[PDB]
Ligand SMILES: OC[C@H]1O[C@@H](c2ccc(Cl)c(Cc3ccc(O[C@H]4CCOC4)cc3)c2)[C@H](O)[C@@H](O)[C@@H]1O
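Only one chain is shown below, in structure tokens, and it's the form solved without the ligand.
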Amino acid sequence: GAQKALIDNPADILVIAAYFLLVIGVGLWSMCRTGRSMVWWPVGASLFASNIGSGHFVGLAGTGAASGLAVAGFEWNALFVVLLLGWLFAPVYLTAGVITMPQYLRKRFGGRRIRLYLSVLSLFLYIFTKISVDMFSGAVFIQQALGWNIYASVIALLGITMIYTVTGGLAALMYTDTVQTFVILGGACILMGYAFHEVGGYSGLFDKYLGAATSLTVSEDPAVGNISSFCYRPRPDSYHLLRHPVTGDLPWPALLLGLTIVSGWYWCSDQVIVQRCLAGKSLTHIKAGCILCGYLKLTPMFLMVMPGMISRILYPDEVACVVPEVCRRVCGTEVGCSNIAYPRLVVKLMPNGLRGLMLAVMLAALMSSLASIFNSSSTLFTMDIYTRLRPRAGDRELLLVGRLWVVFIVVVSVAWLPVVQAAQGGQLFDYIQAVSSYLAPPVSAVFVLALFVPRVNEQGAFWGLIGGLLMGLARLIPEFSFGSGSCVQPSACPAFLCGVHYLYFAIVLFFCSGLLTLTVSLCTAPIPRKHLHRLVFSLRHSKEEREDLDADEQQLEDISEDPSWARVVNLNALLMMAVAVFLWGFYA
């Protein structure tokens, strides 16, 4: 049931089929075939591509189409945070002898409680933030390509995902990941080129976006009424990075002080970020790659965000639709529709042949990303949480419970899929960053206090963590539950709660849980100094043998650099940051 749709000419059919035959080709080959050593350039480029996933294209273009240029702010916070990985959070995992921040918080506080809690928190942030967002992004791409419901589309994205996993898949990653990322950035550059051609240049985008609004502004359903021009016409400031502190969609204050709290937690504590970061031969290599990955945080603004805007100019009757009836008719959700910006742009601009390659590669990536995250949530669940409940495991038995977990989280993500669909007025970006502002800032506070206040004991961290979840859930649940609605039909939850921007609530939850940590901490017994060495910043150059806190439950450790190459790397970070800041000043 598909005819004379821009994917149904067999140039693109042959190209999509060929690529998902070549990925199973690399995979069955891989099945039968069978910390250091990565250099500045390759380990910079792995950080970049760690965050370029179809979910990013969808959301960052979509929010581009909705709000103008200031989601690009997001990305330019990222490069200052990656620098601070490369300088602050990367040395600490090197000095401590750890890899994971769970391994660090096992050495730093000691108890099985904080490992248990972060593990359960990580399960909720893969169900809410990774699995459901990836399923949703597949659904969107597929709908714009071959009109199909969300539910039918995920049935298919999970069908191809299961036959990715069982036919090699995650074994044959390094080959597939290198080639997927090369042709995503290739495809993205070609399609950007086509978008700026179609709008009539760069001058075209800027002279045409602020008038790009829809013609259909009235609803059959009364109560909605004659829809206001506040809502349907684009925002009067949408060429600027820095917005009003209080009435901005992405307030300046918030972006700076509050994305750091949340982007910080992502770069300090992700499995993939830290696992790819600690592949250098050296801290100099790590630092110089973390400089190159900044130079790759400005490409997305052109590659992802400006195409969202050109998706609004070219296709305003769909991308910028306001009326509850017309939105459902185009994107399947009353609340809005910007989410279709990047996929609609791919289907309708990229010419025959190339079109299928770009759809194939954006789809094989969600196959890989889903398969990665199912494996990762399975180990974490199978080890941390079952072992604790029942440490009597037949490894056969365990491998069942490992497989039965993946069934449960497929189902709970698919259950959650319509909340992700109309999440923040139909803005995937905002939902991702809003979930991560409700759940991250406690952990941000406990890791920035662990590592710079040695007085903070274990009682402290745990109750900081648990007192941050209750404040955070006192807004994350209440908001996904009273609905969020949108511009046309405002929400219902009150602003004693969901008034303020989610990034401002991240700032308050950061400082609040922080003080819980400090106060429970200073009312209990301190950690003795002897089992704190090369864990706190005050004791990183100590050279004194310590009697580890995890060692109580048991009964690549170099930060050297050539100072000539260290002067080189510190120069290149300061040049890159000046370049970044000038690009920010231009688009402020």
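Numbers for residues come from their place in the sequence shown, where the first is 1. Under this definition, the rigid core comprises the largest set of C-alpha atoms superposing within 1.5 Å between the forms.
Keep in mind the form deposited with the ligand bound is missing from the figure; the text below concerns it.
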Problem set entry | Open vs blocked, site of the ligand as found in the bound PDB entry, superimposed, 2.4 Å to backbone or C-beta | blocked
Exercise. Using a 4.5 Å cut on heavy atoms, which of 135, 259, 439, 327 is close to the ligand in the bound PDB entry?
Worked result: 259
For this session: May I ask you to choose, among 381, 374, 502, 510, the residue with a heavy atom within 4.5 Å of the ligand in the bound PDB entry?
Result: 502
Problem set entry | Per-stretch contact check against the ligand in the bound PDB entry, the hit in 483 to 491, 196 to 204, 99 to 107, 266 to 274 (non-hydrogen atom, 4.5 angstroms) | 266 to 274
Exercise. Would residue 55 sit within 4.5 Å of the ligand in the bound PDB entry, counting heavy atoms only?
Worked result: yes
Problem set entry | Any non-hydrogen atom of residue 51 within 4.5 angstroms of the ligand in the bound PDB entry | yes
For this session: Could you confirm whether residue 71 comes within 4.5 Å of the ligand in the bound PDB entry, counting heavy atoms only?
Result: yes
Exercise. Using 4.5 Å between non-hydrogen atoms, is residue 318 touching the ligand in the bound PDB entry?
Worked result: no
Exercise. Quick one: which residues from 324 to 361 get a non-hydrogen atom within 4.5 Å of the ligand in the bound PDB entry?
Worked result: none
Problem set entry | Rigid core superposition between this form and the one not shown: residue from 192, 512, 171, 469 with Cα shift of 2 Å or more | 171
Exercise. Cα of residue 53 displaced 2 Å or more between this form and the one not shown, core superposed?
Worked result: no
For this session: Return yes or no for residue 365: a CA shift of at least 2 Å between this form and the one not shown, with the rigid core superposed?
Result: yes
Exercise. Can we say the CA of residue 488 moves by at least 2 Å between this form and the one not shown when the core is superposed?
Worked result: yes
Seminar exercise, completed: Under comparison with the form shown, the C-alpha atoms of residue 415 and residue 472 in the bound PDB entry shift by 3 angstroms or more, placing them farther
Exercise. Are residue 375 and residue 108 closer or farther apart at the Cα level in the bound PDB entry than shown, by 3 Å or more?
Worked result: closer
